[PDB]
Amino acid sequence: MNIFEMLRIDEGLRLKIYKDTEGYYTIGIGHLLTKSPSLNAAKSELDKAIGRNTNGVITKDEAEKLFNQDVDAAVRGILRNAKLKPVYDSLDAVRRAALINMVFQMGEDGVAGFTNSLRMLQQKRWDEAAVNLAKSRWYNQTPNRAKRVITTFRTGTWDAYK
Ligand SMILES: [Cl-]
Ligand SMILES: [Cl-]
């Protein structure tokens, strides 16, 4: 298992514009297009992102390309973030995947706000961090996915994904 396969399990793949769990226009592998309610504003962002007139539909290859950029940007955002970087550097390979997953879903600012859990992860207090991570809107809103990420942090194994 690796970060790509992990995220592919959590986000799915859709080749036509769809609405995410929050109700926002998305396409491919969890690629957020816009927070705007307008489907046209979404199609516009979509075409800008792909470099062609898509009419709301893309191919698998195009979906995968967006995905590659998005994972890349997630990692680089962590590395540039003063709050996140030290956490990431402290972690083993599996748990690093878990932090990347959170960042991809909720953005850098979002994760960076989990101050207390971050400190606990850094200190390697697994069980405590798992308990604190669960007290969040994130966990309340997407409990199945959150549990999977949380289990990855607690255990340092890919069990939740197998
Ligand atoms: Cl883009
Ligand atoms: Cl869920």
Side-chain angles (χ1 to χ4, degrees), residues 1-88 91 94-118 121 132-153 158 160-161:
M1 172 74 62
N2 57 57
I3 188 58
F4 288 90
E5 296 175 2
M6 184 198 205
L7 280 160
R8 164 91 190 53
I9 280 152
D10 285 335
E11 301 285 355
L13 168 74
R14 300 195 55 197
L15 298 187
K16 169 96 257 263
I17 299 188
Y18 66 95
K19 288 198 210 179
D20 78 2
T21 71
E22 298 287 343
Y24 306 130
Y25 285 128
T26 309
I27 199 161
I29 305 153
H31 182 78
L32 171 79
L33 291 165
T34 185
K35 292 182 181 174
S36 134
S38 172
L39 176 68
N40 285 310
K43 277 163 165 223
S44 182
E45 285 297 313
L46 183 62
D47 286 345
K48 172 160 64 102
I50 301 302
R52 86 185 174 58
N53 237 83
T54 62
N55 209 15
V57 174
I58 65 167
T59 68
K60 190 175 179 101
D61 282 354
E62 275 170 349
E64 278 165 0
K65 183 154 199 194
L66 291 180
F67 188 38
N68 280 328
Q69 294 172 177
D70 290 350
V71 176
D72 188 58
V75 176
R76 276 175 310 84
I78 281 165
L79 309 164
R80 274 198 268 102
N81 189 291
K83 274 100 166 304
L84 298 176
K85 179 180 200 301
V87 184
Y88 190 87
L91 291 175
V94 180
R95 296 183 170 90
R96 291 174 175 175
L99 189 67
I100 294 172
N101 190 306
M102 288 183 77
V103 171
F104 180 101
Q105 181 184 3
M106 83 195 109
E108 182 200 329
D109 296 345
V111 178
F114 282 57
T115 306
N116 313 317
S117 311
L118 292 175
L121 289 165
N132 183 270
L133 275 162
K135 298 183 171 132
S136 56
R137 171 178 197 276
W138 170 58
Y139 178 84
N140 284 100
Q141 301 307 125
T142 47
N144 293 325
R145 164 165 195 174
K147 276 178 200 138
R148 289 196 286 279
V149 172
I150 291 163
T151 291
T152 305
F153 276 131
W158 293 109
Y161 290 85

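Only heavy atoms go into these numbers, but all of them, side chains included; no hydrogens, no water, no symmetry mates. Position 1 is the first residue of the sequence, and the numbers go up from there.
A salt bridge (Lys or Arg N to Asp or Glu O under 4.0 Å) check over residues 138-147, counting only residues at least two apart or in different chains, returns the pairs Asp10-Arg145, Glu11-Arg145. Counting only residues at least two apart or on different chains, the salt bridge (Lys or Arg N to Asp or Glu O under 4.0 Å) pairs with a member in residues 64-76 are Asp72-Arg76. Listed by first and then second residue, the ring pair (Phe, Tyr, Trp, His ring centres under 6.0 Å) pairs that reach into residues 21-56 come to none, sequence neighbours excluded. Within the structure, the salt bridge (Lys or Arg N to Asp or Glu O under 4.0 Å) test picks out the following pairs touching residues 15-38 (sequence neighbours left out): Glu22-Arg137.
Qualifying side-chain hydrogen bond (donor to acceptor under 3.5 Å, both in side chains) partners for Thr152, counting only residues two or more places apart in sequence or in other chains: none. Residues satisfying the salt bridge (charged side-chain N to carboxylate O under 4.0 Å, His left out) criterion with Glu108, sequence neighbours excluded, are absent altogether. Not counting sequence neighbours, the partners of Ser36 by the side chain to side chain contact (heavy atoms under 4.5 Å, CB included) test are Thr34, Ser38, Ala41. For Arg52, the salt bridge (charged side-chain N to carboxylate O under 4.0 Å, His left out) partners at least two apart in sequence or on another chain are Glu62. Scanning for salt bridge (charged side-chain N to carboxylate O under 4.0 Å, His left out) contacts around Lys83 gives an empty result, with sequence neighbours left out. With sequence neighbours left out, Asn68 forms a side chain to side chain contact (heavy atoms under 4.5 Å, CB included) with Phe4. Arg95 is linked by a salt bridge (charged side-chain N to carboxylate O under 4.0 Å, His left out) to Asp92, counting only residues two or more places apart in sequence or in another chain. Applying the side chain to side chain contact (heavy atoms under 4.5 Å, CB included) test to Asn55 and every residue at least two apart in sequence or in another chain returns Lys43.
Salt bridge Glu5/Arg8: absent, no basic N to carboxylate O contact under 4.0 Å.
Side chain of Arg14 to backbone of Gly28: no donor-acceptor contact under 3.5 angstrom is found. Counting only distance, with no hydrogens or angles, the side chain of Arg148 and the backbone of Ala160 share no donor-acceptor pair below 3.5 Å.
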Side chain to side chain contact (heavy atoms under 4.5 Å, CB included) evaluation trace for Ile27 with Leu66:
CA-CA 9 Å; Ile27 199 161; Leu66 291 180; 4.3 Å; yes
Can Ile100 and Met6 be said to form a side chain to side chain contact (heavy atoms under 4.5 Å, CB included), step by step?
CA-CA 10 Å; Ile100 294 172; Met6 184 198 205; over 6 Å; no
Can you list the steps and then say if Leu33 with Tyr18 is a side chain to side chain contact (heavy atoms under 4.5 Å, CB included)?
CA-CA 10 Å; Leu33 291 165; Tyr18 66 95; over 6 Å; no
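Here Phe67 contributes atom CZ and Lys60 contributes atom NZ; the two are 11.0 Å apart, rounded to the nearest 0.5 Å.
Considering all non-hydrogen atoms of both residues, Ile3 and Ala97 come closest at CD1-O, 3.2 Å.
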